[PDB]
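Undergrad: Sending over a structure as structure tokens; questions will come in a sec.
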Amino acid sequence: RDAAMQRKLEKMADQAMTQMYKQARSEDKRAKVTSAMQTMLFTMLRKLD
Amino acid sequence: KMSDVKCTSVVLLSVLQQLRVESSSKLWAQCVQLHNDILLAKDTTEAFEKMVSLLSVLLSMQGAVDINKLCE
Amino acid sequence: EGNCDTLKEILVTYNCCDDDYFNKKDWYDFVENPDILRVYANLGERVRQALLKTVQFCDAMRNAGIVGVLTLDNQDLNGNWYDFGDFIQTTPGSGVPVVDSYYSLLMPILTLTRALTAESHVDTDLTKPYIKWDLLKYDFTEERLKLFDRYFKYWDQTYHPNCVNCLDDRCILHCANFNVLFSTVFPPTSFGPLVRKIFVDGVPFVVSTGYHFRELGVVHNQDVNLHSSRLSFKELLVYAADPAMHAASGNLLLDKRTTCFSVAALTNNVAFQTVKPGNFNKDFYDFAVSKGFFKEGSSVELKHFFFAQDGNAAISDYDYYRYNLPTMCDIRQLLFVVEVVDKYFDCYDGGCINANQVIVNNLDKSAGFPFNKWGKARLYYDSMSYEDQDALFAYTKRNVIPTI
RNA sequence: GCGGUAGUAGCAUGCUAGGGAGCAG
RNA sequence: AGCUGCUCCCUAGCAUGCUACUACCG
Ligand SMILES: [Zn+2]
Ligand SMILES: [Zn+2]
């Protein structure tokens, strides 16, 4: 029990860690792309007014 | 015998393209048309005419050191 | 094309061409010899006059008080009518003609012979200048109704110039059939997105509110809000996918390589994309040759290759859209063919699904323009929650998003 | 001598996930 | 740099299933 159970504690803790790592990176890339397209939208109108 | 010249024309156009020959639209159009016309040929005496015309393009510029690759 | 004797006789009797045209073997074809359109369009005015005289005949029948069925085979190619052998007589002012087989059978010939081309001429004179329409006018709703009342006057079905007011899908087909014809009179710069200036955070944008279509008429968005404070992800997506601000802010373009109407040039120099030749796998070729393959006079020989192309290959191939003409279909028959075709699809089931039930195989495929400057489809399927996608979907049920 | 759980090793199936490649419209 | 459909191959994880043998109880 207490030497094979905690052999799964680390398993599930590490997979939770990697899933939240990837969620953090996927939430940063969203911010990067929205900044990029906002920059495009605002630089495109500075040619027509 | 015609399959030989068709594969050879494929290799020749690939070499020409590696030598940055598509930087001049006139030359690239000429070579592209000669190549596609060789691949559709159906008598091995026209293919050799267009092959000598196509190889003249490589023999023109001096980028490939011919005397070396001709060590036989 | 084996026996088209009466067509030849008709084409030369009214000086559409001359007998030496029919020795150009392939004269009938459409994609080779695309000049047959110019010789068909020379029958346009005989057909226009036929339509006008059938309206006159319908009016005379209505007033005089006669009831009968008009058929095509009772009208010579001048326009005059005859054969009154099955008409019956009722009280005047209350006669009624029946034009259903006439008009619906005739319909496909009105766009082959371009019969209404004399209506974009100064009076309707083929000898006068064109009508100079206004450049900012995009809603020709009364001219459609006037054309309908001039040519198809006794066609008893309701015609909605804008199919937004239609009653089902068969009514949509019926009214778009007429829009297809009438839209060949108006200027081709009045179709497309309908931009309009909005303000967000005290800055003006130009964005499409809804599009005018050749088949569907005018369509206006329902949730268009002037004066906004900030844009969410979804609104950034729907304002970066529109062609409004891309085409409003680029150089004007005149491309004489194509006949397709060219809008704008998004940057200062045109790009010519080529195609390379394949690679030779010499080991397999040698191996095949060493076992008796490719000997001269054999059954199997090499005919599939990698063909290379030069710069004028993308546009010279896009120009094949010149083969799409404005066809107007026979509607009383299409409205039966559609029922049988639908009966062929009776053992399935469909409907809407939520964003958490879609299946996307291969999320590494490009995302179109302009989204392919920032990532593939994975980036836009990860950056939107299951509520941004659902907001988007439920948004396109009330608005029109044109794309590129 | 057998029933119950807990094991390891081995086996098959099925399903998800990931990657590579081929054909068809 | 597209939308689909089918097929082969490799890897991973999980549960299920299956079987053998070992430890505890009944
Ligand atoms: Zn309608
Ligand atoms: Zn639905």
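Identifiers in this document derive from the order of the structure tokens: chains are assigned A, B, ..., residues are numbered from 1 separately in each chain, and ligands are numbered from 1 in order of occurrence.
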Could you report the residues within 7 Å of ligand 1, using only C-alpha atoms (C1' of nucleotides) and all ligand atoms, as a ChimeraX atom specification?

TA: /C:158-160,163,165-167,171-172,174-175

Undergrad: Quick one: residues within 9 Å of ligand 2, with only C-alpha atoms (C1' of nucleotides) and all ligand atoms, as a ChimeraX atom specification?

TA: /C:350-353

Undergrad: Near residue D:6, counting only C-alpha atoms (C1' of nucleotides), which residues have an atom at most 10 Å away, once you skip same-chain residues fewer than 6 positions from it, shown as a count of residues only?

TA: 3

Undergrad: Kindly give the distance, in Å, that separates atom CA of residue C:375 and atom CA of residue C:391, rounded to a single decimal.

TA: 22.2 Å

Undergrad: As a PDB file with N, CA, C and O atoms (P, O5', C5', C4', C3', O3' and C1' of nucleotides), in the first residue's frame, could you give me every residue of chain E near chain C (at most 12 Å apart, counting only C-alpha atoms (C1' of nucleotides))?

TA:
ATOM      1  P     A E   1       3.434  24.884 -47.986  1.00  0.00           P
ATOM      2  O5'   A E   1       2.402  23.676 -48.063  1.00  0.00           O
ATOM      3  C5'   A E   1       1.107  23.853 -48.624  1.00  0.00           C
ATOM      4  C4'   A E   1       0.144  24.433 -47.621  1.00  0.00           C
ATOM      5  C3'   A E   1      -1.281  24.606 -48.122  1.00  0.00           C
ATOM      6  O3'   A E   1      -2.166  24.567 -47.007  1.00  0.00           O
ATOM      7  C1'   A E   1      -0.378  26.715 -47.630  1.00  0.00           C
ATOM      8  P     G E   2      -2.823  23.192 -46.520  1.00  0.00           P
ATOM      9  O5'   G E   2      -4.358  23.348 -46.899  1.00  0.00           O
ATOM     10  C5'   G E   2      -5.093  24.483 -46.478  1.00  0.00           C
ATOM     11  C4'   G E   2      -6.480  24.483 -47.059  1.00  0.00           C
ATOM     12  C3'   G E   2      -7.354  23.312 -46.666  1.00  0.00           C
ATOM     13  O3'   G E   2      -7.962  23.486 -45.403  1.00  0.00           O
ATOM     14  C1'   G E   2      -7.456  23.603 -48.995  1.00  0.00           C
ATOM     15  P     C E   3      -8.144  22.237 -44.418  1.00  0.00           P
ATOM     16  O5'   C E   3      -9.554  21.641 -44.821  1.00  0.00           O
ATOM     17  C5'   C E   3     -10.708  22.459 -44.825  1.00  0.00           C
ATOM     18  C4'   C E   3     -11.789  21.847 -45.668  1.00  0.00           C
ATOM     19  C3'   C E   3     -12.213  20.450 -45.267  1.00  0.00           C
ATOM     20  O3'   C E   3     -13.150  20.448 -44.208  1.00  0.00           O
ATOM     21  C1'   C E   3     -11.838  20.520 -47.591  1.00  0.00           C
ATOM     22  P     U E   4     -13.184  19.227 -43.177  1.00  0.00           P
ATOM     23  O5'   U E   4     -12.610  18.020 -44.029  1.00  0.00           O
ATOM     24  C5'   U E   4     -12.951  16.685 -43.717  1.00  0.00           C
ATOM     25  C4'   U E   4     -13.599  16.000 -44.885  1.00  0.00           C
ATOM     26  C3'   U E   4     -13.523  14.493 -44.880  1.00  0.00           C
ATOM     27  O3'   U E   4     -14.472  13.904 -44.018  1.00  0.00           O
ATOM     28  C1'   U E   4     -12.978  15.301 -47.022  1.00  0.00           C
ATOM     29  P     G E   5     -14.017  12.768 -42.985  1.00  0.00           P
ATOM     30  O5'   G E   5     -13.821  11.498 -43.908  1.00  0.00           O
ATOM     31  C5'   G E   5     -14.919  10.984 -44.635  1.00  0.00           C
ATOM     32  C4'   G E   5     -14.479  10.001 -45.681  1.00  0.00           C
ATOM     33  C3'   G E   5     -13.566   8.890 -45.223  1.00  0.00           C
ATOM     34  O3'   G E   5     -14.234   7.871 -44.512  1.00  0.00           O
ATOM     35  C1'   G E   5     -12.763   9.766 -47.239  1.00  0.00           C
TER      36        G E   5
END

Undergrad: Counting only C-alpha atoms (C1' of nucleotides), what is within 12 Å of residue C:38, bar same-chain residues fewer than 3 positions away, as a list in words?

TA: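 Neighbouring residues, sequence-local ones excluded: residues 11, 16, 17, 27, 28, 30, 33, 34, 35, 41, 42, 43, 44, 112, 113 and 114 of chain C.
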
Undergrad: With only C-alpha atoms (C1' of nucleotides) as the counted atoms, please give the residues lying no more than 12 Å from stretch 40-47 of chain A, apart from itself and same-chain residues fewer than 5 positions off, as an MDAnalysis selection string.

TA: (chainID A and resid 33:35) or (chainID C and resid 197 199:201 203:207 231 235:242 244:251 266:267 370:371 373:374)

Undergrad: Just give me the gap between atom CA of residue C:137 and atom CA of residue C:329 in Å, one decimal is fine.

TA: 28.0 Å

Undergrad: Among stretch 123-342 of chain C, which ones does DSSP assign to strand (DSSP E or B) (computed from the backbone)? Answer as a list in words.

TA: residues 130, 192, 193, 194, 195, 196, 197, 198, 199, 200, 203, 204, 205, 206, 207, 208, 209, 210, 211, 212, 213, 217, 228, 251, 252, 264, 265, 275 and 309 of chain C

Undergrad: As a VMD selection string, list the residues of stretch 51-115 of chain C assigned to helix (DSSP H, G or I) by DSSP on the backbone atoms of this structure.

TA: chain C and resid 51 to 64 72 to 74 100 to 106 109 to 112

Undergrad: Export N, CA, C and O atoms of the chosen residues as a short mmCIF file (atom, residue, chain, number, x, y, z; two decimals), in the first residue's frame?

TA:
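For reference, out.cif as written:
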data_model
loop_
_atom_site.label_atom_id
_atom_site.label_comp_id
_atom_site.auth_asym_id
_atom_site.auth_seq_id
_atom_site.Cartn_x
_atom_site.Cartn_y
_atom_site.Cartn_z
N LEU C 51 -41.23 39.09 -76.03
CA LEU C 51 -41.77 39.27 -74.68
C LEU C 51 -42.71 40.47 -74.61
O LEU C 51 -43.79 40.39 -74.01
N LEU C 52 -42.31 41.59 -75.21
CA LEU C 52 -43.18 42.77 -75.19
C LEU C 52 -44.52 42.48 -75.86
O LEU C 52 -45.58 42.88 -75.35
N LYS C 53 -44.50 41.79 -76.99
CA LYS C 53 -45.76 41.54 -77.68
C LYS C 53 -46.60 40.50 -76.95
O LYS C 53 -47.83 40.53 -77.04
N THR C 54 -45.98 39.60 -76.18
CA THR C 54 -46.81 38.71 -75.39
C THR C 54 -47.47 39.45 -74.23
O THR C 54 -48.60 39.12 -73.87
N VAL C 55 -46.82 40.47 -73.68
CA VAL C 55 -47.50 41.26 -72.66
C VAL C 55 -48.67 42.01 -73.28
O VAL C 55 -49.76 42.08 -72.70
N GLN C 56 -48.47 42.58 -74.47
CA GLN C 56 -49.58 43.24 -75.15
C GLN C 56 -50.74 42.28 -75.38
O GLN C 56 -51.91 42.64 -75.19
N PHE C 57 -50.43 41.06 -75.82
CA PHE C 57 -51.49 40.09 -76.07
C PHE C 57 -52.22 39.72 -74.79
O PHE C 57 -53.44 39.56 -74.79
N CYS C 58 -51.48 39.54 -73.70
CA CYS C 58 -52.12 39.23 -72.43
C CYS C 58 -53.08 40.34 -72.01
O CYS C 58 -54.18 40.07 -71.53
N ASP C 59 -52.67 41.60 -72.20
CA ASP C 59 -53.56 42.71 -71.85
C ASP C 59 -54.80 42.72 -72.72
O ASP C 59 -55.92 42.96 -72.23
N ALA C 60 -54.64 42.50 -74.03
CA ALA C 60 -55.81 42.48 -74.91
C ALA C 60 -56.76 41.36 -74.53
O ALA C 60 -57.98 41.54 -74.57
N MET C 61 -56.22 40.20 -74.16
CA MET C 61 -57.07 39.10 -73.74
C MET C 61 -57.80 39.43 -72.46
O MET C 61 -59.00 39.16 -72.33
N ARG C 62 -57.10 40.01 -71.48
CA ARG C 62 -57.75 40.36 -70.22
C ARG C 62 -58.90 41.32 -70.45
O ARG C 62 -60.01 41.09 -69.96
N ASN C 63 -58.66 42.39 -71.19
CA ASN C 63 -59.73 43.37 -71.40
C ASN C 63 -60.88 42.77 -72.19
O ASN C 63 -62.03 42.82 -71.75
N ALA C 64 -60.60 42.19 -73.35
CA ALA C 64 -61.67 41.68 -74.19
C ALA C 64 -62.45 40.56 -73.52
O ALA C 64 -63.55 40.23 -73.98
N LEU C 72 -45.83 28.24 -76.52
CA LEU C 72 -44.75 28.82 -77.31
C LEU C 72 -44.97 28.61 -78.80
O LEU C 72 -44.65 29.49 -79.60
N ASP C 73 -45.52 27.46 -79.19
CA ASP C 73 -45.61 27.11 -80.59
C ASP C 73 -46.71 27.85 -81.33
O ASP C 73 -47.07 27.47 -82.45
N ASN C 74 -47.26 28.89 -80.73
CA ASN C 74 -48.28 29.72 -81.36
C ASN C 74 -47.80 31.15 -81.48
O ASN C 74 -48.57 32.09 -81.36
N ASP C 100 -47.88 29.97 -67.53
CA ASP C 100 -46.92 29.05 -66.92
C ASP C 100 -45.98 28.14 -67.68
O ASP C 100 -44.82 28.02 -67.32
N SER C 101 -46.46 27.48 -68.73
CA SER C 101 -45.56 26.70 -69.57
C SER C 101 -44.75 27.56 -70.53
O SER C 101 -43.61 27.22 -70.85
N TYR C 102 -45.33 28.68 -70.97
CA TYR C 102 -44.66 29.64 -71.83
C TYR C 102 -43.39 30.15 -71.17
O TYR C 102 -42.28 29.85 -71.61
N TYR C 103 -43.55 30.91 -70.09
CA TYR C 103 -42.41 31.59 -69.50
C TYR C 103 -41.38 30.62 -68.96
O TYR C 103 -40.18 30.82 -69.13
N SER C 104 -41.83 29.55 -68.30
CA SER C 104 -40.87 28.65 -67.67
C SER C 104 -40.09 27.85 -68.69
O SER C 104 -38.91 27.59 -68.50
N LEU C 105 -40.73 27.46 -69.79
CA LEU C 105 -39.98 26.81 -70.86
C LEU C 105 -39.00 27.78 -71.50
O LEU C 105 -37.89 27.40 -71.87
N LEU C 106 -39.40 29.04 -71.64
CA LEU C 106 -38.56 30.00 -72.34
C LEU C 106 -37.37 30.44 -71.50
O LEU C 106 -36.34 30.83 -72.06
N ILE C 109 -33.43 30.49 -72.26
CA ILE C 109 -33.00 31.21 -73.46
C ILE C 109 -32.86 32.70 -73.23
O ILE C 109 -32.34 33.41 -74.10
N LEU C 110 -33.30 33.21 -72.09
CA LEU C 110 -33.21 34.64 -71.85
C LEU C 110 -31.81 35.07 -71.43
O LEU C 110 -31.48 36.25 -71.52
N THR C 111 -30.99 34.14 -70.95
CA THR C 111 -29.63 34.47 -70.58
C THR C 111 -28.60 33.89 -71.52
O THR C 111 -27.43 34.30 -71.47
N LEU C 112 -28.98 32.93 -72.35
CA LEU C 112 -28.10 32.49 -73.43
C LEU C 112 -27.97 33.58 -74.47
O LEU C 112 -26.86 33.99 -74.82
#

Undergrad: Go through C:272, C:348, C:305, C:133 and flag the residue nearest residue B:9, using only C-alpha atoms for the distances.

TA: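 Nearest candidate to residue B:9 out of C:272, C:348, C:305, C:133: C:305.
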
Undergrad: Determine, counting only C-alpha atoms (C1' of nucleotides), which protein, DNA and RNA residues have an atom within 12 Å of an atom of residue A:31; residues of the same chain fewer than 6 positions away are not included. Present the result as a PDB file with N, CA, C and O atoms, in the first residue's frame.

TA:
ATOM      1  N   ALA A  24      -0.699  27.100 -19.450  1.00  0.00           N
ATOM      2  CA  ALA A  24      -0.100  28.421 -19.301  1.00  0.00           C
ATOM      3  C   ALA A  24       0.495  28.905 -20.616  1.00  0.00           C
ATOM      4  O   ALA A  24       0.307  30.063 -21.011  1.00  0.00           O
ATOM      5  N   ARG A  25       1.212  28.029 -21.320  1.00  0.00           N
ATOM      6  CA  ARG A  25       1.801  28.464 -22.584  1.00  0.00           C
ATOM      7  C   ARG A  25       0.724  28.772 -23.624  1.00  0.00           C
ATOM      8  O   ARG A  25       0.846  29.740 -24.393  1.00  0.00           O
ATOM      9  N   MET A  37      -2.711  41.126 -33.869  1.00  0.00           N
ATOM     10  CA  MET A  37      -3.780  41.535 -34.772  1.00  0.00           C
ATOM     11  C   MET A  37      -4.335  42.904 -34.404  1.00  0.00           C
ATOM     12  O   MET A  37      -4.786  43.638 -35.287  1.00  0.00           O
ATOM     13  N   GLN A  38      -4.282  43.289 -33.128  1.00  0.00           N
ATOM     14  CA  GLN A  38      -4.653  44.654 -32.768  1.00  0.00           C
ATOM     15  C   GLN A  38      -3.690  45.658 -33.381  1.00  0.00           C
ATOM     16  O   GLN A  38      -4.109  46.706 -33.889  1.00  0.00           O
TER      17      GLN A  38
ATOM     18  N   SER C 232     -13.417  42.450 -28.094  1.00  0.00           N
ATOM     19  CA  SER C 232     -13.045  41.174 -27.497  1.00  0.00           C
ATOM     20  C   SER C 232     -12.315  40.371 -28.558  1.00  0.00           C
ATOM     21  O   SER C 232     -12.164  40.825 -29.696  1.00  0.00           O
ATOM     22  N   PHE C 233     -11.851  39.180 -28.204  1.00  0.00           N
ATOM     23  CA  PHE C 233     -11.311  38.295 -29.223  1.00  0.00           C
ATOM     24  C   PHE C 233     -12.188  38.000 -30.426  1.00  0.00           C
ATOM     25  O   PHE C 233     -11.719  38.044 -31.567  1.00  0.00           O
ATOM     26  N   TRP C 374       0.281  34.382 -38.393  1.00  0.00           N
ATOM     27  CA  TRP C 374       0.467  34.220 -36.965  1.00  0.00           C
ATOM     28  C   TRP C 374       0.369  32.787 -36.472  1.00  0.00           C
ATOM     29  O   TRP C 374       0.601  32.557 -35.283  1.00  0.00           O
ATOM     30  N   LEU C 379      -3.617  27.360 -33.376  1.00  0.00           N
ATOM     31  CA  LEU C 379      -3.559  28.547 -32.539  1.00  0.00           C
ATOM     32  C   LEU C 379      -4.937  29.157 -32.349  1.00  0.00           C
ATOM     33  O   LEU C 379      -5.250  29.678 -31.276  1.00  0.00           O
ATOM     34  N   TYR C 380      -5.778  29.099 -33.375  1.00  0.00           N
ATOM     35  CA  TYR C 380      -7.109  29.673 -33.269  1.00  0.00           C
ATOM     36  C   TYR C 380      -8.118  28.697 -32.702  1.00  0.00           C
ATOM     37  O   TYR C 380      -9.212  29.116 -32.325  1.00  0.00           O
ATOM     38  N   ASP C 382      -7.070  26.857 -30.068  1.00  0.00           N
ATOM     39  CA  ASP C 382      -6.686  26.898 -28.663  1.00  0.00           C
ATOM     40  C   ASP C 382      -6.979  28.235 -28.008  1.00  0.00           C
ATOM     41  O   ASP C 382      -7.202  28.283 -26.794  1.00  0.00           O
ATOM     42  N   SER C 383      -6.972  29.323 -28.772  1.00  0.00           N
ATOM     43  CA  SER C 383      -7.180  30.646 -28.205  1.00  0.00           C
ATOM     44  C   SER C 383      -8.642  30.965 -27.947  1.00  0.00           C
ATOM     45  O   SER C 383      -8.928  31.930 -27.236  1.00  0.00           O
ATOM     46  N   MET C 384      -9.568  30.195 -28.500  1.00  0.00           N
ATOM     47  CA  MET C 384     -10.993  30.404 -28.298  1.00  0.00           C
ATOM     48  C   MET C 384     -11.519  29.323 -27.371  1.00  0.00           C
ATOM     49  O   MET C 384     -11.325  28.132 -27.628  1.00  0.00           O
TER      50      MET C 384
END

Undergrad: Which residues are close to stretch 50-62 of chain B, i.e. within 12 Å by only C-alpha atoms (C1' of nucleotides), leaving aside same-chain residues fewer than 6 positions away? Reply as a compact mmCIF listing (two decimals) with N, CA and C atoms, in the first residue's frame.

TA:
# COMPACT_ATOMS: atom_id res chain seq x y z
N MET B 2 13.62 6.57 -74.73
CA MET B 2 13.04 7.88 -74.47
C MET B 2 12.85 8.12 -72.98
N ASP B 4 14.97 7.36 -70.83
CA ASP B 4 16.28 7.87 -70.44
C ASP B 4 16.34 9.38 -70.56
N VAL B 5 15.93 9.91 -71.71
CA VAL B 5 16.06 11.34 -71.91
C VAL B 5 15.04 12.09 -71.08
N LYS B 6 13.89 11.49 -70.79
CA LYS B 6 12.92 12.18 -69.94
C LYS B 6 13.44 12.33 -68.52
N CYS B 7 13.96 11.25 -67.93
CA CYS B 7 14.55 11.38 -66.60
C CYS B 7 15.75 12.32 -66.60
N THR B 8 16.54 12.30 -67.67
CA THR B 8 17.68 13.20 -67.72
C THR B 8 17.23 14.65 -67.77
N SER B 9 16.14 14.94 -68.48
CA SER B 9 15.65 16.31 -68.51
C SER B 9 15.12 16.73 -67.15
N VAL B 10 14.54 15.80 -66.40
CA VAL B 10 14.13 16.12 -65.04
C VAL B 10 15.33 16.54 -64.21
N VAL B 11 16.40 15.75 -64.27
CA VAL B 11 17.60 16.07 -63.49
C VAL B 11 18.18 17.41 -63.93
N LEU B 12 18.17 17.68 -65.24
CA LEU B 12 18.74 18.92 -65.74
C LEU B 12 17.96 20.13 -65.26
N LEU B 13 16.63 20.08 -65.34
CA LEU B 13 15.87 21.23 -64.87
C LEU B 13 16.06 21.42 -63.37
N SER B 14 16.19 20.33 -62.62
CA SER B 14 16.41 20.50 -61.19
C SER B 14 17.74 21.17 -60.90
N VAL B 15 18.79 20.80 -61.64
CA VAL B 15 20.08 21.46 -61.47
C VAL B 15 19.99 22.94 -61.81
N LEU B 16 19.41 23.25 -62.97
CA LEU B 16 19.24 24.64 -63.37
C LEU B 16 18.52 25.43 -62.29
N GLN B 17 17.47 24.86 -61.70
CA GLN B 17 16.75 25.58 -60.67
C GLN B 17 17.60 25.76 -59.42
N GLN B 18 18.43 24.78 -59.08
CA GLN B 18 19.32 24.96 -57.94
C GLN B 18 20.33 26.07 -58.17
N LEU B 19 20.69 26.34 -59.43
CA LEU B 19 21.63 27.41 -59.73
C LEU B 19 20.98 28.78 -59.81
N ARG B 20 19.81 28.96 -59.20
CA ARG B 20 19.14 30.25 -59.11
C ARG B 20 18.76 30.80 -60.47
N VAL B 21 18.35 29.94 -61.41
CA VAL B 21 18.01 30.42 -62.74
C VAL B 21 16.60 30.96 -62.84
N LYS B 26 12.44 35.41 -68.00
CA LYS B 26 12.52 34.96 -69.39
C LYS B 26 13.20 33.60 -69.48
N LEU B 27 14.36 33.47 -68.84
CA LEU B 27 15.08 32.21 -68.88
C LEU B 27 14.28 31.09 -68.25
N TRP B 28 13.67 31.35 -67.10
CA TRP B 28 12.92 30.30 -66.43
C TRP B 28 11.72 29.88 -67.25
N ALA B 29 11.06 30.82 -67.92
CA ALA B 29 9.95 30.43 -68.79
C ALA B 29 10.43 29.56 -69.93
N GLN B 30 11.55 29.92 -70.55
CA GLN B 30 12.09 29.11 -71.64
C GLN B 30 12.40 27.69 -71.18
N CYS B 31 13.13 27.56 -70.08
CA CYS B 31 13.51 26.23 -69.61
C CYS B 31 12.29 25.42 -69.18
N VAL B 32 11.35 26.04 -68.49
CA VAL B 32 10.15 25.33 -68.06
C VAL B 32 9.41 24.78 -69.27
N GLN B 33 9.29 25.58 -70.32
CA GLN B 33 8.54 25.11 -71.47
C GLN B 33 9.28 23.99 -72.19
N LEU B 34 10.60 24.11 -72.33
CA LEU B 34 11.36 23.02 -72.96
C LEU B 34 11.21 21.73 -72.17
N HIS B 35 11.24 21.82 -70.85
CA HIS B 35 11.12 20.63 -70.01
C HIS B 35 9.75 19.97 -70.17
N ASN B 36 8.68 20.74 -69.99
CA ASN B 36 7.35 20.15 -70.13
C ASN B 36 7.11 19.63 -71.53
N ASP B 37 7.75 20.22 -72.54
CA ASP B 37 7.54 19.71 -73.89
C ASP B 37 8.34 18.44 -74.14
N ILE B 38 9.48 18.28 -73.47
CA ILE B 38 10.21 17.02 -73.57
C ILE B 38 9.42 15.91 -72.91
N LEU B 39 8.84 16.17 -71.74
CA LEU B 39 8.12 15.12 -71.03
C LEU B 39 6.91 14.61 -71.79
N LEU B 40 6.33 15.43 -72.66
CA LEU B 40 5.17 15.03 -73.45
C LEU B 40 5.53 14.55 -74.84
N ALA B 41 6.82 14.44 -75.16
CA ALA B 41 7.22 14.03 -76.49
C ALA B 41 6.81 12.59 -76.76
N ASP B 43 8.33 10.91 -79.83
CA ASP B 43 9.28 10.33 -80.78
C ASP B 43 10.66 10.84 -80.42
N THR B 44 11.59 9.93 -80.23
CA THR B 44 12.85 10.30 -79.59
C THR B 44 13.71 11.14 -80.43

Undergrad: What is the atom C1' of residue E:10-atom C1' of residue D:20 distance in Å, reported with one decimal?

TA: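 The value is 7.6 Å.
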